[PDB]
Every structure is written in C-alpha cells, then in structure tokens.
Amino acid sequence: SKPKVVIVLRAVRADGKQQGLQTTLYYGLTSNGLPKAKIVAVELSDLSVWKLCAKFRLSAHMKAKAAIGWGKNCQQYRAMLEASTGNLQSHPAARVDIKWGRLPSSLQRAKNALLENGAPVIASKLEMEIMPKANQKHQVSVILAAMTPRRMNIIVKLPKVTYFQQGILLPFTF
C-alpha cells in the first residue's frame, strides 16, 4: 500500500538519558504485485548498535519468506522461515523450512534442547517412523503432501535425523 507506521516506547529515566525502543513498520507491493512488509527496531540510546530487522515477502512462486536479523547491526543473529505450497509428485504438497544462522548462545540452548530432547519424544508420542538422517546442519524442514484430499504423508527433516509418517487420515480435507 506504501504507508509506514512509527512507534516509540520511551521510558523517561531520572537522568534524562534516552531510553526506549523505536520501531518503524514499512510495507509495499514491491517487485511484482506480491505484498511486502518490514519491521525495524532500534534502541533510543545514541550509544546503541542494537537493531531488530524483520522482513516478509509473499512471492509469486506461491512462497512466503521471512527473515529476522537482530543483535550488533541486526546481522549478528539470523533466522529465516520459508514456506511453499505446490506439487511433489502430482500431489498437492506444502513445505516449511526454519533455518538459522548464529544464535545467541542462550537461544542455542532452546534449539539444541528441542532438537535433541524434545523432537524424539514428540516423535514417539506420535509414533512416527525414524530414518538415519536428513541433510543440512542448521535447518529444519517439514514437508506435507496430500496423497488424497484427507490422507497426508509428513516428513520432518532435522539436522541429525529424519522423522516421517505416511497415510495419516485427517478429520478434514487438505
């Protein structure tokens, strides 16, 4: 649409020092009619190099991308979330890949936890099959294919292992 929105959250300290956050929402219909938005966020302290930068794009190729950069210059930490629909072998299919660059050691805990402890447990509490491995070390994919309007097979590619299940009947149509 073109417009922008500016939001400032300011905490007035006693010192009079500048404290707070400024966000600037952007949005358009860039490149080829497909919607776009961005969110930038900086601290109000002129001393700060912190910056959160988040981008969205709804591509032509029925994709939906979105990256997030935060930290030193909103380029210290990165995390993407790419989603596509389409056909895998003549069957409607869908896909989401959560990728990540460097993560603050903190969040690294959360990930390495849910990928090493969480996942196997959800996988067996759902009784999924379990192959030796799915490639890419800083990635997570999920592929959904409707074999029939109600039957779906799902593949979950983690760094160290693939989980999968075929012939899942749903309570609704895909």
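From 1 onward, residues are counted along the sequence shown.
- For the pair 12 to 20 and 152 to 160, the mean Cα B-factor is higher in 12 to 20.
- Here 143 to 151 and 46 to 54 are compared by their mean Cα B-factor, and 46 to 54 comes out higher.
- In the PDB entry, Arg102 places in the middle third of its chain by CA B-factor.
- The PDB entry assigns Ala94 a C-alpha temperature factor belonging to the lowest third of its chain's modelled residues.
- In this PDB entry, the Cα temperature factor of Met62 sits in the top third of its chain's modelled residues, the highest group.
- Ranked by C-alpha B-factor against the other modelled residues of its chain, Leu29 falls in the highest third.
- When the modelled residues of the chain are ordered by C-alpha B-factor, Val40 sits in the lowest third.
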